[PDB]
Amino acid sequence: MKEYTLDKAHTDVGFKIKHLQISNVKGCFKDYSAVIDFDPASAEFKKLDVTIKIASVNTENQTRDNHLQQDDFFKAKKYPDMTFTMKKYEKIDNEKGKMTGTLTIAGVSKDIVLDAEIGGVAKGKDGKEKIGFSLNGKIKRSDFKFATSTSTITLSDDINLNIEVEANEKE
């Protein structure tokens, strides 16, 4: 037998423990188009039709964006775009109204409600109109059979839509 003293300099009294962390993935699309018909006399939307290029997704990360395009997500090869079609705008007042439309994600379509909040209506510098509104609402992954392989535990079943728009009159 013999006696030793630790060399604290090259000794590590260590442990590893596994924990979970919840975080929001925030994201948008760089490439989309829309048709907007709005009546500032009454603060009513008349037609709102949006097409989004799935390809142009951005969640501030280069490799997860590619993965979104694959079979277990968007399947962008087969279904390159997602679309929203307004069916009904029910005004609450000049600032607020309930929008109902058809959302289509990878060929599956469901009718959703978004909360329209009008942030500002104006006649601009040049005497031509502008508006700044938002559309907000929660859709369920399950309702669109979207990313069915991924469990509702790992990734929430709820997606929260926040569409923030500035827009000017045409021609």
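Just count from 1 along the sequence shown to find any residue number.
Chemist: In the PDB record, does 67-75 or 84-92 carry the higher mean Cα temperature factor?
Modeler: Mean CA B-factor is higher for 67-75.
Chemist: Mean C-alpha B factor from the entry: is it higher for 54-62 or for 112-120?
Modeler: Per the PDB entry, the higher value belongs to 54-62.
Chemist: State the tercile, meaning the lowest, middle or highest third, of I163 with respect to the CA B-factors recorded for its chain.
Modeler: Middle third by C-alpha B-factor.
Chemist: Per the entry's values, where does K46 land by CA temperature factor relative to the rest of its chain, in the lowest, middle or highest third?
Modeler: CA B-factor rank for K46: middle third.
Chemist: Quick check for you: using the entry's CA B-factors within this chain, is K26 in the lowest, middle or highest third?
Modeler: Middle third.
Chemist: Taking the chain's C-alpha temperature factors as the reference, tell me which third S134 falls into: lowest, middle or highest.
Modeler: Within its chain, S134 is a middle-third residue by C-alpha B-factor, going by the deposited values.
Chemist: Using the B-factor values recorded in the entry, state whether the Cα atom of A9 falls in the lowest, middle or highest third among the modelled residues of its chain.
Modeler: Its C-alpha B-factor belongs to the highest third of this chain's values.
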